[PDB]
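Okay, so here's the structure we're looking at.
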Amino acid sequence: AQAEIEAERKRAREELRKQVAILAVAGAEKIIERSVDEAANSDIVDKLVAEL
Amino acid sequence: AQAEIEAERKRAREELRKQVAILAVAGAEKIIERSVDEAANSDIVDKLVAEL
Amino acid sequence: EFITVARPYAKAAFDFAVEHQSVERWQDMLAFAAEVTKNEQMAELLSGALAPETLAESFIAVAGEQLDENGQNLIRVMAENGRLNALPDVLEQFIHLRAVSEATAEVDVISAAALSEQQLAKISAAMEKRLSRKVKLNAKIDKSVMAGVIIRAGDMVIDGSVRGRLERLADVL
Amino acid sequence: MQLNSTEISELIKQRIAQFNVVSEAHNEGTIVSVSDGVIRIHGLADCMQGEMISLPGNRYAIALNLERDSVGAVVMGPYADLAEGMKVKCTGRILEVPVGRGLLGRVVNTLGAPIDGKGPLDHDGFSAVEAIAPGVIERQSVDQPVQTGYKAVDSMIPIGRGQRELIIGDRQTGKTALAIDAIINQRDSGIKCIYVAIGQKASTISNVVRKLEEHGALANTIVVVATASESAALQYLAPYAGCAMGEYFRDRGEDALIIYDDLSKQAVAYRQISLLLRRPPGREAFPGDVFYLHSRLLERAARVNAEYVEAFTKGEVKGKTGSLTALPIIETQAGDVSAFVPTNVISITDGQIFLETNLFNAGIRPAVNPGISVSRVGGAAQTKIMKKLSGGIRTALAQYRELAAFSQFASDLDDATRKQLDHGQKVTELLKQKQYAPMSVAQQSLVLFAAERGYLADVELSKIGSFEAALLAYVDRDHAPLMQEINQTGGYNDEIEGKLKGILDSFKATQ
Amino acid sequence: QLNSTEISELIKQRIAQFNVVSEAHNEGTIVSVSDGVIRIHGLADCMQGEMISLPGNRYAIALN
Amino acid sequence: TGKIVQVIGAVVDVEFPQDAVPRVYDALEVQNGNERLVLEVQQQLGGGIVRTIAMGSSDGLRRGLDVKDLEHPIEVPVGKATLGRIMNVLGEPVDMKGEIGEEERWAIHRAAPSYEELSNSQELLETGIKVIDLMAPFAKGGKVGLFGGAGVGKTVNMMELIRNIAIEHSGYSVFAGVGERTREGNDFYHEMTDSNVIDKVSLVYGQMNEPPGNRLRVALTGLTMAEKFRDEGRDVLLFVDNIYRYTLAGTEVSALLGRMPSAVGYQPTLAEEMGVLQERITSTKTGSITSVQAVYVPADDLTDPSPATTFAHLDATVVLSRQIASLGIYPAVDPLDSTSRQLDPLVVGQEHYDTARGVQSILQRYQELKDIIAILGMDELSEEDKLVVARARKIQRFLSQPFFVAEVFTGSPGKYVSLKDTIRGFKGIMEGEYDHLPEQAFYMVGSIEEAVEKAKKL
Amino acid sequence: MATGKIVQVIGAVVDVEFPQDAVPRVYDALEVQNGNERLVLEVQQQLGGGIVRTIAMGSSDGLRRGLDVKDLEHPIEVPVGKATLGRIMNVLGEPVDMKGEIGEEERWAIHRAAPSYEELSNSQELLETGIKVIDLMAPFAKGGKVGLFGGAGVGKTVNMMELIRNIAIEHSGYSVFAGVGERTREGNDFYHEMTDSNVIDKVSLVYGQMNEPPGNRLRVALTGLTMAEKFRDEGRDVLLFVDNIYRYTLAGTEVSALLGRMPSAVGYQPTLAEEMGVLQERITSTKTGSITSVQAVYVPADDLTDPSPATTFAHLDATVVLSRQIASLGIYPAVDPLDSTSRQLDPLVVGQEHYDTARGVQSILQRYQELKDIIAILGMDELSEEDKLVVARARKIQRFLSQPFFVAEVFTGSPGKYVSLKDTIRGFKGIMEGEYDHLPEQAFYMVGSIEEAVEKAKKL
Ligand SMILES: Nc1ncnc2c1ncn2[C@@H]1O[C@H](COP(=O)(O)OP(=O)(O)OP(=O)(O)O)[C@@H](O)[C@H]1O
Ligand SMILES: Nc1ncnc2c1ncn2[C@@H]1O[C@H](COP(=O)(O)OP(=O)(O)O)[C@@H](O)[C@H]1O
Ligand SMILES: Nc1ncnc2c1ncn2[C@@H]1O[C@H](COP(=O)(O)OP(=O)(O)O)[C@@H](O)[C@H]1O
Ligand SMILES: [Mg+2]
Ligand SMILES: [Mg+2]
């Protein structure tokens with residue numbers, strides 16, 4: 001079962017990389033009631049995807 | 001042996017959540033530090049003084 | 001630290017100054033007496049084992065800025081007990097008791113960048129409702145916060161900095 | 001399947017959405033001193049005694065003094081990285097702990113932070129760590145048995161729901177063995193269990209948790225741990241955090257069982273906290289109020305009547321009485337039960353089980369020393385059958401253990417003392433029991449019948465264990481349903497005594 | 001650091017007049033009460049072992 | 001009018017205007033959240049400061065709270081209306097019934113009766129307990145103390161004395177539970193109520209849950225109720241469940257009140273704190289208080305200051321011991337250490353006195369032999385010292401008795417033994433007329449006839 | 001740049017005053033030039049007003065008030081890793097032999113948190129030392145603590161060398177020896193007894209002997225420990241010797257008195273159990289490695305109730321007692337089987353055969369004790385023929401507990417033997433249950449396994 005856990009872990013990790021870029025933006029725009037565009041921050045979210 | 005597998009599931013799940021959570025906050029911090037500009041700062045302060 | 005032994009002397013000096021209307025002269029008298037305690041050559045003397053009346057009379061000599069009866073009498077009373085080093089704290093608690101009696105407050109406003117001088121008016125007006133006292137702002141600039149403002153009034157703070165918001169969110173998770 | 005990333009991400013997203021960006025006003029102070037775990041804060045005009053003060057990092061201090069100018073506090077964690085000048089913030093909260101039934105099966109720090117790697121708690125709000133127990137009119141008398149597994153304690157030192165029963169002895173005597181064998185047995189009787197480890201070695205705690213999980217008991221226990229490394233304030237406050245979690249079940253009309261692993265090490269941690277604050281010590285250098293420490297703790301293990309449960313729960317629960325049973329463990333140097341702290345605690349509990357190292361080395365295990373061990377509620381906490389069969393057995397063995405030490409040379413009424421120190425010695429041979437082998441009340445009852453009614457006068461000591469091993473299988477073959485019948489009920493009748501002689505005879509003739 | 005019965009209004013008196021105007025050395029005033037010991041302020045001429053007379057008809061022995 | 005200025009544990013400091021300062025032992029009141037807290041002032045410090053003890057939980061108190069000066073000491077309901085009801089230390093009702101319909105309230109701080117008013121009474125009082133009224137008989141209106149470590153039987157003994165005196169006695173009775181288990185207070189309250197004697201007993205409870213102020217002052221409340229019943233002309237029973245907790249609660253508070261420690265960490269005022277209480281619990285010409293007090297002995301050390309200073313305040317001292325209870329011999333009274341003022345030939349008669357002295361003599365001679373018996377064994381004894389040892393062990397057994405309240409522990413039914421019936425039995429054992437019975441024939445029986453019978457059945 | 005100034009100096013305690021914002025944290029190090037040479041101060045307490053109270057890791061003579069103090073931003077850091085094998089270091093990790101710089105690559109702070117609950121090894125293994133008496137009567141848990149209660153003259157240090165050797169050769173671990181406050185002479189002659197038995201290449205030494213100031217003798221135990229932790233992080237199994245834990249306790253008491261804290265139970269510091277636990281808790285097994293420890297213990301006034309013994313015994317797992325008598329019989333190692341104990345001896349952990357074998361040999365020996373007591377007063381012939389048999393078997397068991405160490409060849413000339421546990425079980429099962437009754441008792445002396453006792457007898 002440990003090996004199935006490792007497989008599922010790699011799998012879900014490759015899934016979450018999509019989500020981190022969502023959560024970071026939602027957090028930033030919650031903390032500041034000003035919504036914000038993407039383009040000005042593109043290489044930040046792109047590094048967040050990669051650095052997970 | 002079955003309980004020992006359930007524990008490992010729970011524990012790997014928690015670790016995987018921890019990573020994404022701290023990346024969410026770090027990303028929101030970088031975005032914030034990149035996106036703020038004087039109108040937004042004033043928008044924040046001018047609101048907080050109203051509930052002050 | 002002399003915070004606890006200063007309280008009696010601060011209260012007594014303030015009551016006396018209030019009765020005789022000379023609060024503003026007493027504050028200057030205490031400021032000078034506290035300044036002579038910081039001197040390199042005097043802070044040596046105060047540590048010695050001189051007798052109280054000799055230490056007082058050699059301390060009184062270094063100050064002609066003291067109204068001869070009462071301002072010197074305070075020094076003599078303090079010297080009896082061996083507390084002349086408490087003057088730099090009697091001064092601060094005298095200032096605090098005065099600020100209380102004159103219902104005045106001094107609130108710090110810490111910001112990432114200076115405010116518009118129209119914002120400050122609103123902040124001060126709002127605080128003067130938060131407090132019964134007439135406020136005096138002293139705004140400052142700090143780069144650790146990066147948006148919003150910190151208002152610190154005594155030991156009560158109202159925190160609207162984005163920095164505080166980030167580090168308060170991180171703990172929710 | 002169940003590591004869905006969508007589940008995780010929505011978990012986080014809900015918090016992000018459930019976030020109050022609103023600013024809040026709070027009261028502030030500065031750290032002015034640091035030494036040996038004690039903090040001295042200047043400011044905090046609005047601090048209240050017993051409060052939680054929050055330091056940088058994520059850690060708390062507890063306010064112990066409100067001096068005229070400064071607040072004295074103790075740090076609940078590593079304090080070494082604090083420094084003068086740091087700011088601190090006053091919460092509005094008197095020291096609090098997460099409580100709920102969601103804690104069952106979790107290993108938890110004394111502040112409620114989970115220390116197993118399984119992530120955040122699910123819990124039903126918070127409870128104050130310091131409280132005053134229910135008053136005299138809210139209690140009820142203890143009337144329900146709590147079966148451990150052991151012939152010795154279930155028959156000589158009965159324990160009842162709502163009782164407090166000290167386990168006292170020397171080191172390496174089977175104290176923890178007996179306590180977790182008490183936990184494991186409640187696995188199947190609707191009692192929630194709690195185990196508080198104070199000042200224990202971390203590896204030993206991991207071994208205990210691993211044994212609880214081995215026998216399936218862990219799903220039913222809360223484990224609060226404050227290891228030998230952790231700050232003295234966490235060890236000092238650990239058992240109050242455990243009672244705060246036990247009282248959740250009590251006040252809701254349920255039953256719980258709580259085990260304080262070493263209340264000697266709590267007393268030591270409190271003595272440290274107290275000497276570091278310059279308080280004048282008393283006997284054995286313990287503070288003046290080391291009685292009040294254990295007193296206000298163990299007095300919370302109570303049984304509360306139905307009206308208290310109704311009033312507390314706003315009428316949700318009707319006609320049920322809650323309870324919380326305690327089994328504090330004390331450690332004595334060289335068998336001294338007349339020291340300061342062992343006798344302070346013998347004076348707070350409703351009995352004691354004294355485990356003697358001479359019996360333990362001779363193989364008599366559990367080494368229950370009758371004549372020093374007692375139960376202050378007595379038979380009222382037993383089933384009817386056990387209450388009849390046992391009787392004076394413990395005073396019988398106190399007799400015997402004076403008499404066998406006096407008659408170390410020779411005897412009189414040699415035949416009479418032959419058949420006395422036959423049974424007054426085969427009892428001791430009978431009450432010894434293996435570890436992790438609990439035996440139901442049915443099984444203990446006929447055994448005490450065999451012993452007490454004189455049937456063992458016909459057997460040599462070396463045979464007793466064989467005798468019982470055979471009898472408990474005999475009655476699982478032949479008299480199979482009477483066991484089921486005694487397990488449900490207290491079950492005593494002259495019919496039952498007759499049938500219980502008919503059980504002996506049909507076996508005694510066919511070993 | 002702790003006070004020694006230096007308190008607000010006594011200090012204020014001394015502020016207005018350090019050389020206490022000659023006052024009866026044959027009397028003083030209680031400043032503290034606890035567990036049967038009273039601290040008296042004044043009594044310049046009290047002698048050790050002397051009897052001090054309190055309101056009512058009671059006495060104290062001056063020991064310190 | 002006052003402000004709080006410090007909060008250390010159970011003691012609180014309050015600052016009042018210079019001319020409004022409270023008197024010692026007055027009561028102040030604070031609003032601790034959604035609660036009302038009572039403070040009793042202990043000391044007047046300089047400058048309008050006054051130092052107090054909190055009669056409640058100290059948590060939650062901020063500095064700067066406003067406290068209200070009630071201008072009177074703590075006062076408790078008193079008299080016939082306080083009868084059959086449970087009360088707080090503050091005189092508040094603690095059972096769920098209504099308010100106490102008292103006509104009068106008394107201050108719990110009082111002076112002891114004058115020497116001129118005391119009274120002296122040789123009227124012996126019988127209790128159906130062999131050892132207590134052979135070795136240490138006590139009189140109507142006298143004081144009794146039960147000294148013992150932890151877990152040796154000084155509460156079971158007190159409940160049996162309650163059974164044997166306080167049901168067979170007409171006047172009222174008072175029970176003060178100072179710093180003991182609430183379980184036992186509940187058990188006692190229901191044992192009373194389920195036999196209808198509750199409505200002649202008044203209860204006060206300051207049990208061990210409660211913060212130091214309650215355990216400190218709860219004894220004076222019971223005494224105040226008993227003194228009211230005494231002054232009405234009645235005669236009263238007063239049972240105090242552990243008087244040691246009244247001074248331990250003083251040791252806890254002492255250091256915070258700024259008093260230097262004394263011999264073993266005790267407050268410096270130990271003997272005065274104890275005397276000013278023990279002195280008002282006495283009979284007088286107008287009425288009499290008969291009392292029984294349980295006196296815990298820490299670490300089993302009878303020379304500790306707190307037990308040591310108490311022996312002087314009691315007329316009958318019954319000293320229980322662990323080295324006897326661990327033989328299963330109950331009541332575990334030590335006859336070489338129990339004593340009574342009443343044990344005189346002129347008070348109990350020559351035969352009772354002489355039997356008691358002979359019993360002490362035998363048991364002491366038996367103590368002297370234990371070291372040689374332990375080293376050289378029992379066969380080196382003179383042919384008549386073996387007889388002393390046999391009669392001493394028989395006497396040690398016969399001192400045991402089955403109590404009615406200890407049925408729950410042992411099954412065996414209780415026994416009541418009259419004095420006439422016990423001096424006869426001990427005179428018999430000493431004169432040698434039961435030398436043919438075995439020791440066990442004497443363990444846990446009533447009179448001597450029941451021993452002569454038990455021997456038949458082994 | 002340096003920012004503090006000395007304010008007080010009292011014995012070994014020094015108080016230095018910093019700017020209000022730059023106060024050092026606790027356990028941070030400081031340094032001052034005490035004349036020509038630097039002196040290191042360890043912060044213990046932060047008093048009010050920027051003043052911080054410290055204790056000197058060296059003699060404080062010659063310190064003036066107003067000396068400039070420089071704040072190092074970190075706790076005492078010592079060199080760790082393979083570079084330290086065969087080198088002697090003092091508390092500060094400075095080389096104290098004459099061989100020059102330690103070539104280390106890395107330095108660790110000596111103050112550390114114990115392994116978190118979720119790092120601990122999820123199993124309970126045993127350490128096979130290869131010494132028959134120890135492996136039978138008092139097995140070592142891997143990651144346990146072990147007391148060593150021998151006196152003097154019985155060969156404590158040759159046992160230590162035997163373990164230092166076997167744990168390096170048979171397993172592939174290293175070792176650390178921390179000398180806490182013991183005679184310098186012993187340390188020097190131990191350093192020589194190791195260098196000429198070739199084990200010096202496999203052990204790391206650190207020495208804070210009696211001559212040193214209290215601050216040195218207090219922390220030196222942590223230096224050895226933080227070197228053992230480095231060897232553990234490398235995945236190895238380590239063995240850590242503490243030459244007297246009692247002197248660690250006493251150094252704590254001295255420093256506590258210097259700081260002015262109130263005296264506790266028998267004069268011991270108030271922080272006694274925490275000071276012990278924060279050491280004993282860092283040495284455990286772990287998912288990546290393990291540290292075992294053999295700690296010489298000394299009991300004041302022979303009182304096993306004194307707070308220091310009582311606190312240490314809560315942490316020990318095994319306990320081996322050396323005996324003058326067993327050495328006078330010429331039997332080595334001089335371990336006493338009847339007083340030696342381990343709490344690993346339970347069927348649930350060690351198995352039923354090992355447990356019952358150990359209990360068997362113990363019963364045999366403690367009966368032979370009373371038999372040999374009888375013999376001395378009534379002569380041999382008074383004994384039954386069963387008792388003569390028990391004597392003949394006890395003597396063979398007592399011989400078979402001897403062993404030739406690799407390190408003792410200097411003494412006995414016979415080549416050393418490493419005896420597996422399996423073999424000890426087989427051999428003692430044999431000797432007890434009447435097999436091997438047919439060959440002489442000297443065939444067991446200093447032999448090794450039993451398949452060598454039969455061959456020694458073959459030609460005896
Ligand atoms: N009923 C029993 N039968 C046989 N062995 C037992 C029994 N109970 C306990 N033991 C053994 O006693 C040993 C010590 O027991 P245990 O650790 O529970 O004592 P302890 O009081 O917890 O010791 P410490 O106080 O050091 O924690 C254990 O190894 C256990 O195997
Ligand atoms: N007459 C008696 N018969 C049997 N047991 C008794 C008797 N008297 C006391 N005991 C035992 O004494 C133990 C101690 O109880 P208790 O009297 O409450 O002690 P304490 O005096 O400290 O409250 C009881 O649990 C009970 O078993
Ligand atoms: N295993 C052994 N083999 C041979 N001789 C030994 C052995 N152990 C001890 N000895 C003898 O006993 C002596 C013990 O000396 P040493 O190791 O210095 O003990 P200690 O350091 O405790 O004084 C050895 O020098 C040797 O004479
Ligand atoms: Mg244990
Ligand atoms: Mg009691």
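Labels for the structure tokens follow display order: chains A, B, ..., residues from 1 in each chain, ligands from 1.
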Margin query: I'd like the neighbourhood of residue 320 (chain F) as a list in words, where a residue qualifies if any of its atoms comes within 6 Å (using only C-alpha atoms), though same-chain residues fewer than 6 positions away should be ignored.
Written below: residues 147, 148, 332, 333 and 334 of chain F
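The environment of residue 59 (chain C) within 9 Å, counting only C-alpha atoms and disregarding residues fewer than 3 places along the same chain, consists of residues 36, 42, 46, 54, 55, 56, 62, 63 and 75 of chain C.
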Keeping only C-alpha atoms, write the selected residues to a file as a compact mmCIF listing (two decimals), in the first residue's frame.
# COMPACT_ATOMS: atom_id res chain seq x y z
CA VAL C 36 22.09 66.94 35.79
CA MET C 42 27.71 63.63 38.76
CA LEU C 46 25.58 59.75 43.13
CA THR C 54 26.01 66.21 51.79
CA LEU C 55 24.99 64.65 48.49
CA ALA C 56 21.93 66.88 48.35
CA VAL C 62 24.82 72.50 40.50
CA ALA C 63 21.29 73.85 39.92
CA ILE C 75 15.75 67.01 45.82
Next item on the list: Could you tell me, counting only C-alpha atoms and all ligand atoms, which protein and nucleic acid residues lie no more than 9 Å from ligand 2, written as a ChimeraX atom specification?
Entry: /D:346-348,350-351,373-378,395 /F:148-160,180-181,184,241-242,294,296,325,328-332,400-410,414,444
Notebook entry, point to check: What gap, in Å, lies between CA of residue 110 (chain D) and CA of residue 287 (chain D)?
Noted result: 23.2 Å
Check: Residues within 10 Å of ligand 1 (only C-alpha atoms and all ligand atoms), as a ChimeraX atom specification?
Finding: /D:150,167-181,200-201,204-205,208,261-262,329-332,355,360-361,363-367,432-437 /G:313-317,342-349
Margin query: Pairing every C-alpha atom in order, fit chain A onto chain B and give me the RMSD in Å.
Written below: 11.1 Å
Item checked: Residues of chain E within 12 Å of chain F, only C-alpha atoms counted, as a PyMOL selection string -> chain E and resi 3-11+29-41
Item checked: Distance filter 10 Å around ligand 3, atoms: only C-alpha atoms and all ligand atoms, out as number ranges by chain -> G: 150-162, 186, 189-190, 193, 322, 324, 327-328, 330-334, 402-414, 416, 446
Next item on the list: Figure out the distance between CA of residue 51 (chain G) and CA of residue 18 (chain G), please, to one decimal in Å.
Entry: 6.3 Å
Check: Could you name the residues that touch residue 29 (chain F) at 9 Å or less, counting only C-alpha atoms, but leaving out those on the same chain fewer than 2 positions away, as a list in words?
Finding: residues 27, 31, 36, 37, 38, 39, 40, 66, 67, 68, 69 and 70 of chain F
Item checked: Residue neighbourhood residue 423 (chain F), 8 Å, only C-alpha atoms, exclusion window fewer than 5 positions, as a PyMOL selection string -> chain F and resi 134+352+355
Keeping C-alpha atoms for every residue in the selection just given, could you write it to a file as an mmCIF file, in the first residue's frame?
data_model
loop_
_atom_site.group_PDB
_atom_site.id
_atom_site.type_symbol
_atom_site.label_atom_id
_atom_site.label_comp_id
_atom_site.auth_asym_id
_atom_site.auth_seq_id
_atom_site.Cartn_x
_atom_site.Cartn_y
_atom_site.Cartn_z
ATOM 1 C CA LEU F 134 -11.455 2.204 77.425
ATOM 2 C CA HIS F 352 -11.802 1.169 84.701
ATOM 3 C CA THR F 355 -7.735 -1.940 83.551
#
